[PDB]
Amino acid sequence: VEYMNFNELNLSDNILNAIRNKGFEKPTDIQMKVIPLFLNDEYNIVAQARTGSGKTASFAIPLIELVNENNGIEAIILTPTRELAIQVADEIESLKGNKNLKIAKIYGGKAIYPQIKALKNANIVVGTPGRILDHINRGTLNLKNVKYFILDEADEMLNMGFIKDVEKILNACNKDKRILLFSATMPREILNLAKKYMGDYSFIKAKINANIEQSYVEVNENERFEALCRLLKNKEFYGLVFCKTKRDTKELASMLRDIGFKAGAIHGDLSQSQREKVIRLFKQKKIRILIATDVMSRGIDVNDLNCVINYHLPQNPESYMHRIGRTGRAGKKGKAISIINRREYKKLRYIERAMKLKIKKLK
């Protein structure tokens, strides 16, 4: 049982178009281990996947596939944050295609009334545990038709006190639901969670470090740009280079163009439209090298890259996971080289230690 293409799945046509569309060409280890089982709809699933491996597709694809656009609320998707709630919601939007599924996003800060109207014809709810609870208390929500449950980043939820709430939300649900729990780490409580509420589940662990060989170059702050050049070497290179600031993206892109490369920048303050035409020139390969800040690194992408280069290595392990998470391909190898100086070592170590990763060396 080793698939390697979305078409090879029991996926509809309407969706198998939008996935090839949005950029999802080849699957990731997880998407190929989950989508089948989720679609197969045999058992519950406890998946261990680092953020930045296609998780959101894993469940959002089969979800759009199995959730009826005619019933009421067929699914709930819990998340630690609102930021992630919206991310999840949107990625589902960009995949439904000619399937009219209404997705209600629930979370604090908003007025309750609008939310009730929003759930009215909602098909899939995606919000934080704290509100989705109260909200179901108020009879405002109807767990009556909920056929699919999904706890996205349960270990994050757990370290935010949400555990009790999640349990409550699970209880106040049919026992004819299908649960899928995603967690980068498996603490005692998550394991116990699986035992208490999900019976007869299939445990799946994905290796991201085995999918994307990571390396790094130690250099002096002055020969940093000189490192990015040696790495860019052939004018055949086609990839993504990550910065730190909007200034670095403009500066680095212009210089690179003047030395013969087809570079271009992308960053925050840039208009929605522009962010789009640059990704277009990029996807099309008019621009073989896109210099960018984390900004774009979280809310776009419309294709896969041979490799990813961190011109600047983030202090944050999660942003690292989001960056190199553009290479992970199904059946073929990924590549991420990070440029660091003598003082950015304690950090590298922490990314490795925190994401249980192994990044070797280059020179």
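Residue numbers run from 1 along the displayed sequence.
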- For the stretches 212-220 and 256-264, which has the higher mean C-alpha B-factor as given in the deposited record? 212-220
- Quick one: say whether 176-184 or 94-102 has the higher mean Cα B-factor in the deposited entry. 94-102
- Identify, among 50, 335, 298, 312, the residue whose C-alpha carries the highest B-factor in the deposited PDB entry. 298
- Taking the Cα B-factors listed in the entry, which of 160, 243, 279, 193 comes out highest? 160
- Task: Name the third of the chain's ranked CA B-factors that contains residue 111, choosing lowest, middle or highest.
- Result: highest
- Give the position of residue 344 by CA B-factor within its chain, expressed as the lowest, middle or highest third. middle
- Of the three thirds of Cα B-factor ranks in this chain, residue 227 occupies the lowest
- Message: Split into thirds by Cα B-factor across the chain's modelled residues, where does residue 328 land: lowest, middle or highest?
- Response: highest
- Using the B-factor values recorded in the entry, state whether the Cα atom of residue 83 falls in the lowest, middle or highest third among the modelled residues of its chain. middle
